[PDB]
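Okay, upload_30.cif is below, mmCIF, C-alpha atoms; chains and numbers go by the auth columns:
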```
data_my_file
#
loop_
_atom_site.group_PDB
_atom_site.id
_atom_site.type_symbol
_atom_site.label_atom_id
_atom_site.label_comp_id
_atom_site.label_asym_id
_atom_site.label_seq_id
_atom_site.Cartn_x
_atom_site.Cartn_y
_atom_site.Cartn_z
_atom_site.B_iso_or_equiv
_atom_site.auth_seq_id
_atom_site.auth_asym_id
ATOM 1 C CA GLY A 1 8.582 11.566 -20.517 0.00 1 A
ATOM 2 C CA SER A 2 8.139 12.108 -16.786 0.00 2 A
ATOM 3 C CA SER A 3 4.542 11.635 -15.642 0.00 3 A
ATOM 4 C CA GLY A 4 3.089 10.603 -12.296 0.00 4 A
ATOM 5 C CA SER A 5 1.793 12.311 -9.163 0.00 5 A
ATOM 6 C CA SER A 6 -0.786 9.562 -8.660 0.00 6 A
ATOM 7 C CA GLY A 7 0.143 7.635 -5.530 0.00 7 A
ATOM 8 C CA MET A 8 -0.379 3.910 -6.041 0.00 8 A
ATOM 9 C CA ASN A 9 3.272 2.844 -5.989 0.00 9 A
ATOM 10 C CA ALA A 10 4.933 -0.566 -6.275 0.00 10 A
ATOM 11 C CA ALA A 11 6.287 -0.334 -2.730 0.00 11 A
ATOM 12 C CA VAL A 12 2.952 -0.051 -0.923 0.00 12 A
ATOM 13 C CA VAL A 13 2.175 -3.248 -2.830 0.00 13 A
ATOM 14 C CA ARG A 14 5.357 -5.199 -2.104 0.00 14 A
ATOM 15 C CA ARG A 15 4.420 -4.710 1.550 0.00 15 A
ATOM 16 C CA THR A 16 0.997 -6.329 1.184 0.00 16 A
ATOM 17 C CA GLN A 17 2.201 -9.265 -0.911 0.00 17 A
ATOM 18 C CA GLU A 18 4.253 -10.267 2.130 0.00 18 A
ATOM 19 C CA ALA A 19 1.855 -8.993 4.794 0.00 19 A
ATOM 20 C CA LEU A 20 -0.963 -11.285 3.666 0.00 20 A
ATOM 21 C CA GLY A 21 1.299 -13.653 1.754 0.00 21 A
ATOM 22 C CA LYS A 22 2.187 -15.256 5.078 0.00 22 A
ATOM 23 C CA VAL A 23 -0.945 -15.024 7.225 0.00 23 A
ATOM 24 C CA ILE A 24 -2.885 -16.397 4.259 0.00 24 A
ATOM 25 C CA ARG A 25 -2.041 -18.250 1.047 0.00 25 A
ATOM 26 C CA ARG A 26 -5.097 -17.536 -1.103 0.00 26 A
ATOM 27 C CA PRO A 27 -6.221 -15.728 -2.937 0.00 27 A
ATOM 28 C CA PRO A 28 -2.887 -14.987 -4.662 0.00 28 A
ATOM 29 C CA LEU A 29 -1.511 -11.505 -3.991 0.00 29 A
ATOM 30 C CA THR A 30 -0.844 -9.891 -7.369 0.00 30 A
ATOM 31 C CA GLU A 31 0.201 -6.310 -8.109 0.00 31 A
ATOM 32 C CA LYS A 32 -2.978 -6.155 -10.193 0.00 32 A
ATOM 33 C CA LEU A 33 -5.545 -7.649 -7.815 0.00 33 A
ATOM 34 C CA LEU A 34 -3.721 -5.666 -5.130 0.00 34 A
ATOM 35 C CA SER A 35 -4.511 -2.412 -6.936 0.00 35 A
ATOM 36 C CA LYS A 36 -7.946 -3.375 -8.257 0.00 36 A
ATOM 37 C CA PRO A 37 -9.145 -5.616 -5.396 0.00 37 A
ATOM 38 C CA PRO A 38 -12.943 -5.978 -5.707 0.00 38 A
ATOM 39 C CA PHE A 39 -15.124 -5.832 -2.593 0.00 39 A
ATOM 40 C CA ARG A 40 -15.377 -9.597 -3.067 0.00 40 A
ATOM 41 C CA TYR A 41 -11.644 -10.257 -3.382 0.00 41 A
ATOM 42 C CA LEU A 42 -10.879 -8.488 -0.103 0.00 42 A
ATOM 43 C CA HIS A 43 -13.831 -10.228 1.551 0.00 43 A
ATOM 44 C CA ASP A 44 -12.089 -13.562 0.985 0.00 44 A
ATOM 45 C CA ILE A 45 -8.877 -12.413 2.667 0.00 45 A
ATOM 46 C CA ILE A 46 -10.631 -10.841 5.652 0.00 46 A
ATOM 47 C CA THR A 47 -12.554 -14.046 6.348 0.00 47 A
ATOM 48 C CA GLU A 48 -9.477 -16.168 5.642 0.00 48 A
ATOM 49 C CA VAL A 49 -7.616 -14.463 8.489 0.00 49 A
ATOM 50 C CA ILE A 50 -10.347 -15.476 10.933 0.00 50 A
ATOM 51 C CA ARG A 51 -10.024 -19.020 9.594 0.00 51 A
ATOM 52 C CA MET A 52 -6.225 -18.902 9.433 0.00 52 A
ATOM 53 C CA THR A 53 -5.189 -17.077 12.605 0.00 53 A
ATOM 54 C CA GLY A 54 -8.561 -16.198 14.098 0.00 54 A
ATOM 55 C CA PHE A 55 -7.970 -12.468 14.495 0.00 55 A
ATOM 56 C CA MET A 56 -11.365 -10.773 14.743 0.00 56 A
ATOM 57 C CA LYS A 57 -13.206 -14.063 15.248 0.00 57 A
ATOM 58 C CA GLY A 58 -16.055 -12.382 17.103 0.00 58 A
ATOM 59 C CA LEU A 59 -16.189 -9.457 14.685 0.00 59 A
ATOM 60 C CA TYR A 60 -18.338 -11.010 11.958 0.00 60 A
ATOM 61 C CA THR A 61 -21.294 -13.368 12.369 0.00 61 A
ATOM 62 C CA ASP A 62 -22.535 -16.332 10.336 0.00 62 A
ATOM 63 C CA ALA A 63 -24.394 -13.888 8.092 0.00 63 A
ATOM 64 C CA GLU A 64 -21.668 -11.283 7.586 0.00 64 A
ATOM 65 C CA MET A 65 -19.072 -14.026 7.130 0.00 65 A
ATOM 66 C CA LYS A 66 -21.046 -14.933 4.007 0.00 66 A
ATOM 67 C CA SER A 67 -20.510 -12.248 1.366 0.00 67 A
ATOM 68 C CA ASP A 68 -23.564 -13.539 -0.497 0.00 68 A
ATOM 69 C CA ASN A 69 -25.733 -11.934 2.183 0.00 69 A
ATOM 70 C CA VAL A 70 -24.134 -8.580 1.369 0.00 70 A
ATOM 71 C CA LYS A 71 -25.738 -7.069 -1.731 0.00 71 A
ATOM 72 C CA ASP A 72 -26.577 -3.428 -1.017 0.00 72 A
ATOM 73 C CA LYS A 73 -23.792 -0.836 -1.033 0.00 73 A
ATOM 74 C CA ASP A 74 -24.647 0.730 2.326 0.00 74 A
ATOM 75 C CA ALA A 75 -23.883 -2.761 3.626 0.00 75 A
ATOM 76 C CA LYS A 76 -20.561 -3.294 1.850 0.00 76 A
ATOM 77 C CA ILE A 77 -19.295 -0.171 3.613 0.00 77 A
ATOM 78 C CA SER A 78 -20.830 -1.036 6.985 0.00 78 A
ATOM 79 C CA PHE A 79 -19.164 -4.445 6.710 0.00 79 A
ATOM 80 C CA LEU A 80 -15.706 -3.003 6.057 0.00 80 A
ATOM 81 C CA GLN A 81 -16.083 -0.403 8.806 0.00 81 A
ATOM 82 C CA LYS A 82 -16.357 -3.152 11.421 0.00 82 A
ATOM 83 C CA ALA A 83 -12.899 -4.468 10.540 0.00 83 A
ATOM 84 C CA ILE A 84 -11.342 -1.107 9.681 0.00 84 A
ATOM 85 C CA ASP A 85 -12.241 -0.132 13.245 0.00 85 A
ATOM 86 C CA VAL A 86 -10.783 -3.113 15.105 0.00 86 A
ATOM 87 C CA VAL A 87 -7.674 -3.347 12.927 0.00 87 A
ATOM 88 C CA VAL A 88 -6.944 0.255 13.908 0.00 88 A
ATOM 89 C CA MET A 89 -7.655 -0.347 17.594 0.00 89 A
ATOM 90 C CA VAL A 90 -5.328 -3.357 17.621 0.00 90 A
ATOM 91 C CA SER A 91 -2.493 -2.110 15.415 0.00 91 A
ATOM 92 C CA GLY A 92 -2.873 1.425 16.732 0.00 92 A
ATOM 93 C CA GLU A 93 -2.581 3.314 13.451 0.00 93 A
ATOM 94 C CA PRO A 94 -5.103 5.830 12.050 0.00 94 A
ATOM 95 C CA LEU A 95 -6.232 4.904 8.537 0.00 95 A
ATOM 96 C CA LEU A 96 -7.734 7.221 5.922 0.00 96 A
ATOM 97 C CA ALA A 97 -8.828 4.827 3.176 0.00 97 A
ATOM 98 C CA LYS A 98 -12.626 4.729 2.992 0.00 98 A
ATOM 99 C CA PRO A 99 -14.724 1.553 2.588 0.00 99 A
ATOM 100 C CA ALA A 100 -16.842 3.447 0.060 0.00 100 A
ATOM 101 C CA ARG A 101 -13.916 3.806 -2.342 0.00 101 A
ATOM 102 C CA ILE A 102 -12.215 0.408 -2.179 0.00 102 A
ATOM 103 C CA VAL A 103 -15.590 -1.270 -2.689 0.00 103 A
ATOM 104 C CA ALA A 104 -15.886 0.557 -6.010 0.00 104 A
ATOM 105 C CA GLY A 105 -12.239 0.373 -7.028 0.00 105 A
ATOM 106 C CA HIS A 106 -10.600 3.650 -6.029 0.00 106 A
ATOM 107 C CA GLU A 107 -7.965 4.850 -3.561 0.00 107 A
ATOM 108 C CA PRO A 108 -6.105 1.524 -3.909 0.00 108 A
ATOM 109 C CA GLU A 109 -2.779 2.831 -2.608 0.00 109 A
ATOM 110 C CA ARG A 110 -4.303 3.076 0.868 0.00 110 A
ATOM 111 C CA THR A 111 -6.179 -0.222 0.600 0.00 111 A
ATOM 112 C CA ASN A 112 -2.812 -1.988 0.505 0.00 112 A
ATOM 113 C CA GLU A 113 -1.966 -0.562 3.928 0.00 113 A
ATOM 114 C CA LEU A 114 -5.212 -1.761 5.507 0.00 114 A
ATOM 115 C CA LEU A 115 -4.152 -5.297 4.585 0.00 115 A
ATOM 116 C CA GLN A 116 -0.553 -4.750 5.688 0.00 116 A
ATOM 117 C CA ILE A 117 -1.734 -3.598 9.114 0.00 117 A
ATOM 118 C CA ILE A 118 -4.095 -6.530 9.658 0.00 118 A
ATOM 119 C CA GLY A 119 -1.381 -9.024 8.772 0.00 119 A
ATOM 120 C CA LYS A 120 0.996 -7.472 11.292 0.00 120 A
ATOM 121 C CA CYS A 121 -1.509 -7.896 14.122 0.00 121 A
ATOM 122 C CA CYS A 122 -1.694 -11.645 13.502 0.00 122 A
ATOM 123 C CA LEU A 123 2.029 -11.902 12.767 0.00 123 A
ATOM 124 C CA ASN A 124 2.733 -10.538 16.248 0.00 124 A
ATOM 125 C CA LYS A 125 0.210 -13.018 17.645 0.00 125 A
ATOM 126 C CA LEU A 126 -1.954 -10.034 18.584 0.00 126 A
ATOM 127 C CA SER A 127 -5.530 -11.196 19.162 0.00 127 A
ATOM 128 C CA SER A 128 -8.602 -8.962 19.360 0.00 128 A
ATOM 129 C CA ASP A 129 -11.105 -9.277 22.206 0.00 129 A
ATOM 130 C CA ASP A 130 -11.994 -5.775 23.396 0.00 130 A
ATOM 131 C CA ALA A 131 -11.736 -3.868 20.115 0.00 131 A
ATOM 132 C CA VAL A 132 -13.950 -6.387 18.319 0.00 132 A
ATOM 133 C CA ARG A 133 -16.769 -5.685 20.773 0.00 133 A
ATOM 134 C CA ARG A 134 -16.012 -1.966 21.033 0.00 134 A
ATOM 135 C CA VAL A 135 -16.780 -1.471 17.340 0.00 135 A
ATOM 136 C CA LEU A 136 -19.698 -3.903 17.532 0.00 136 A
ATOM 137 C CA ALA A 137 -21.361 -1.745 20.186 0.00 137 A
ATOM 138 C CA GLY A 138 -20.175 1.440 18.504 0.00 138 A
ATOM 139 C CA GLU A 139 -17.852 2.809 21.175 0.00 139 A
ATOM 140 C CA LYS A 140 -15.666 5.882 20.676 0.00 140 A
#
```
Could you express the structure from this file as structure tokens?
Amino acid sequence: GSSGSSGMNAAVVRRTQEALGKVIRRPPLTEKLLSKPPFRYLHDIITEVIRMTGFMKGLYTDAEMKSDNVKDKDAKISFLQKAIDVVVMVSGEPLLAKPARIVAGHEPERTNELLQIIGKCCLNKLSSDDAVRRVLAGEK
């Protein structure tokens, strides 16, 4: 009758639907796609932001920008890391979600946050110039 103790809640989702709902229009933010967002799905959003607001414009190159190029796993993760880094530097909030899980389809609860954070940055007209490079060079 009373089962749970999982994590992925409806709240963490309602936050993303609005977080990205504004910054970007497509793809459509659905409780489903928001919980089972494929490496590809997210890719669209990430890029969209750079085309919508511009945030992290110098983060990805012509190659990276094109998901097609990305095929190997090791890459999928390395691609997400770039953003995950900046987003954190800009927003200023430590994230746990790993790019090795979301890419597969796990630890969705957290994934939602990652998107919520990014949206905020743009919402507050917060651009990224230093962070972008920092991660690019691999600073710490």
Name the residues in contact with region 92-107 of chain A at a cut-off of 6 Å, using only C-alpha atoms, excluding same-chain residues fewer than 2 positions from it; report them as an mmCIF file with C-alpha atoms, in the coordinates of the input.
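Saved as around08.cif:
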```cif
data_model
loop_
_atom_site.group_PDB
_atom_site.id
_atom_site.type_symbol
_atom_site.label_atom_id
_atom_site.label_comp_id
_atom_site.auth_asym_id
_atom_site.auth_seq_id
_atom_site.Cartn_x
_atom_site.Cartn_y
_atom_site.Cartn_z
ATOM 1 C CA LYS A 36 -7.946 -3.375 -8.257
ATOM 2 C CA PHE A 39 -15.124 -5.832 -2.593
ATOM 3 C CA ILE A 77 -19.295 -0.171 3.613
ATOM 4 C CA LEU A 80 -15.706 -3.003 6.057
ATOM 5 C CA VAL A 88 -6.944 0.255 13.908
ATOM 6 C CA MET A 89 -7.655 -0.347 17.594
ATOM 7 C CA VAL A 90 -5.328 -3.357 17.621
ATOM 8 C CA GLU A 109 -2.779 2.831 -2.608
ATOM 9 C CA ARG A 110 -4.303 3.076 0.868
#
```
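Comparing the minimum interatomic distances between residue 91 (chain A) and each of A:53, A:30, A:116, A:3, counting only C-alpha atoms, we find that A:116 sits nearest.
Residue nearest residue 11 (chain A) within the list A:35, A:61, A:69, A:128: A:35 [criterion: smallest interatomic distance, all atoms listed in the file].
The gap separating CA of residue 126 (chain A) from CA of residue 23 (chain A) is 12.4 Å, in Å to one decimal.
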Could you list, as number ranges by chain, every residue within 12 Å of residue 68 (chain A), counting all atoms listed in the file and ignoring same-chain residues fewer than 6 positions away? A: 39-40, 43-44, 62, 75-76
